[PDB]
Amino acid sequence: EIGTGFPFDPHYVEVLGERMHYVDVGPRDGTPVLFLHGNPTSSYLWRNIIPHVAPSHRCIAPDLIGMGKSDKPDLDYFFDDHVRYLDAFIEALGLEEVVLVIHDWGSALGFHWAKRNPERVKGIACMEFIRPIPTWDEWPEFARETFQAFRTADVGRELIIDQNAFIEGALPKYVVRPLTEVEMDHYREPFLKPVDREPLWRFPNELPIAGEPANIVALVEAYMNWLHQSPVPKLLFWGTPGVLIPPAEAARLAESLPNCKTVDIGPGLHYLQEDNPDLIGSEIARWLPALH
Ligand SMILES: [Cl-]
Ligand SMILES: [Cl-]
Ligand SMILES: [Cl-]
Ligand SMILES: [Cl-]
Ligand SMILES: [Mg+2]
Ligand SMILES: [Mg+2]
């Protein structure tokens, strides 16, 4: 069975007046591997991947502001909020060079950080990452009505805030295998209080779909252009049918992105880490020393 435990000691750092939680395991020095979750997850998402990497490399996995075990400031939780807190987290830990391992909004954060700090990114492993979705036509049908409703005034907050639809609905609907109740309870814990679900609602409203919001579309286009022109080593995991990165997109990217390896994980929708963590972890571990 895929592991349900979270056997990592909590670490905390004060960031912009707020405490942020992170995992910090493996060697205490050397290039760290920075794992960035997205919506509506936490460092828990990486629990079965980190043990493959920690034998060789320091592993750092923060909980984004307002998520996981991190503090809950009264923010609007726009992408720019997350940018500010993650930038300040990285500086608070004194990180210099990093390897990024990124997913969903963690990928938007990671790629955006890399474009702005290109000399400090030694490699990027990514999966089910955020790219511009030019039309609803390209958003897979099985999840389209949901995300459209998430992005609709009043309806979206009833679903995500009042009814916890991101946790109880979208999350398990984006894993091919069934999540267990222990796993669901780990994902539920930060969000037992409805008001605390603001990040979960703002995130889908930030997705670059059909040209809006235009500032996020621009930001994401900018880092995708950066990624097409960067020689940084890249490792792209993909599943079938996928969500953000369908198989045909993964194959196009394998050709268009420089120095890119693609790994097929088999069945997968969005949270690929919950369907095939062993292959993702073992392949990252095999790939890291090649960043040499
Ligand atoms: Cl596992
Ligand atoms: Cl546990
Ligand atoms: Cl609203
Ligand atoms: Cl398959
Ligand atoms: Mg404070
Ligand atoms: Mg809207």
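Below, each value reflects all heavy atoms present in this structure, side chains not excepted, and no hydrogens, waters or symmetry copies. Index from 1, following the sequence.
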J.: Any side-chain hydrogen bond (donor to acceptor under 3.5 Å, both in side chains) involving residues 139-162? Give me the pairs, sequence neighbours left out, ordered by first then second residue.
T.: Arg157-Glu198
J.: Is it true that a side-chain atom of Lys72 and a backbone atom of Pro190 form a donor plus acceptor pair closer than 3.5 Å?
T.: yes
J.: Tell me every residue that passes salt bridge (charged side-chain N to carboxylate O under 4.0 Å, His left out) with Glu181, counting only those two or more places apart in sequence or in another chain.
T.: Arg188
J.: Is a side-chain N or O of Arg58 found less than 3.5 angstrom from the main chain of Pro32, in a donor-acceptor match?
T.: no
J.: By the side-chain hydrogen bond (donor to acceptor under 3.5 Å, both in side chains) test, which pairs, at least two apart or in different chains, include something from residues 232-245?
T.: none
J.: What's the shortest heavy-atom distance between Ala285 and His52, and which atoms?
T.: CB-O, 3.4 Å
J.: Can you list every salt bridge (charged side-chain N to carboxylate O under 4.0 Å, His left out) pair that touches residues 249-263, not counting sequence neighbours?
T.: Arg131-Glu249, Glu249-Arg252
J.: According to ring-ring contact (aromatic ring centres under 6.0 Å, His included), does anything in residues 209-234 pair up with another residue at least two apart or in another chain? List the pairs.
T.: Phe111-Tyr223
J.: Before you tell me yes or no, could you show the steps for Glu96 and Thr31 under side-chain contact (heavy atoms from CB on, under 4.5 Å), namely the whole-Å CA-CA distance, both residues' side-chain angles and the distance that decides it to 0.1 Å?
T.: CA-CA 8 Å; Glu96 282 158 16; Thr31 302; over 6 Å; no
J.: Using every non-hydrogen atom in the two residues, find where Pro277 and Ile49 come nearest and quote the distance to one decimal.
T.: O-CG1, 3.8 Å
J.: Can you pull out every ring-ring contact (aromatic ring centres under 6.0 Å, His included) where at least one residue sits in residues 269-292? Sequence neighbours excluded, please.
T.: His103-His270, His103-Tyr271, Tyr174-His270, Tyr174-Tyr271
J.: Nearest 0.5 Å please: distance from the CG atom of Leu236 over to the CD1 atom of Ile124.
T.: 11.0 Å
J.: I'd like to check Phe129 versus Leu244 (side-chain heavy atoms, cut-off strictly below 4.5 Å). Are they in contact?
T.: no
J.: May I have all residue pairs that pass side-chain hydrogen bond (donor to acceptor under 3.5 Å, both in side chains) and include part of residues 200-222, sequence neighbours excluded?
T.: none
J.: To the nearest 0.5 Å, what is the distance between CD (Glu283) and CG (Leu235)?
T.: 7.0 Å
J.: Can you give me the closest heavy-atom contact between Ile60 and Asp24, atom names plus distance?
T.: CG1-OD1, 4.1 Å
J.: Under the salt bridge (charged side-chain N to carboxylate O under 4.0 Å, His left out) rule, what pairs show up with a residue in residues 74-90, not counting sequence neighbours?
T.: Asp87-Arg116
J.: Run the salt bridge (charged side-chain N to carboxylate O under 4.0 Å, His left out) test against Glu91 and tell me which residues pass, sequence neighbours left out.
T.: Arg120
J.: Could you pull out the closest heavy-atom pair between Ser107 and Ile130, with the gap in Å?
T.: OG-N, 3.0 Å
J.: Salt bridge (charged side-chain N to carboxylate O under 4.0 Å, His left out) with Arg47: which residues, sequence neighbours excluded?
T.: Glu183, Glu274
J.: Between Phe203 and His82, is the ring centroid distance below 6.0 Å?
T.: yes
J.: Throw together a table of side-chain donor-acceptor distances under 3.5 angstrom for residues 5-22, partners on residues two or more places apart or in other chains.
T.:
{"unit_1": "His11", "atom_1": "ND1", "unit_2": "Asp9", "atom_2": "O", "d": "3.2"}
{"unit_1": "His21", "atom_1": "ND1", "unit_2": "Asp63", "atom_2": "OD2", "d": "2.8"}

J.: Is the ring centre of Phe166 less than 6.0 Å from the ring centre of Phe147?
T.: yes
J.: Going by the rule salt bridge (charged side-chain N to carboxylate O under 4.0 Å, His left out), which residues pair with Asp71 if we only count those two or more places apart in sequence or in a different chain?
T.: none
J.: Where is the tightest heavy-atom contact between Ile265 and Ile280, given as atom of each residue plus distance?
T.: CG2-CG1, 3.9 Å
J.: Between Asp104 (side chain) and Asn39 (backbone), is there a donor-acceptor pair under 3.5 Å?
T.: yes
J.: Determine the minimum heavy-atom distance between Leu269 and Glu128, stating which atoms define it.
T.: O-CD, 3.3 Å
